[PDB]
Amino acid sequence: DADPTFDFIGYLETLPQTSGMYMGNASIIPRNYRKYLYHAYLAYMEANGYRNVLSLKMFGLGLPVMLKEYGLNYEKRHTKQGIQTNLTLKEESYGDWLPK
């Protein structure tokens, strides 16, 4: 395989503070690829031809690990609108797979 989940994490950058994307979830309907990390994730997998995607729970667990693998420091924070991370999409994401 190629380990798509890992590649996706390759399009992520860390912020000086826990104010980046939100770890959305499958229920939030009108998807928001720019606001929810999980939605961004689905967008990528789908863009790369994978029908099989990690669950929010599984994705959640892996996140910290794979980020460390890329040498980044994951940071979450509980909020009125949910869990917010300190992550944002690198610019290449916009041309590569982010829906237009």
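Residue numbers run from 1 along the displayed sequence.
As listed in the deposited structure, the average C-alpha B-factor of 39-47 and of 64-72 is greater for 64-72. When the modelled residues of the chain are ordered by C-alpha B-factor, residue 26 sits in the lowest third. Per-chain ranking of the deposited C-alpha B factor places residue 89 in the lowest third.
In the deposited entry, the Cα temperature factor of residue 4 sits in the top third of values across the chain's modelled residues.
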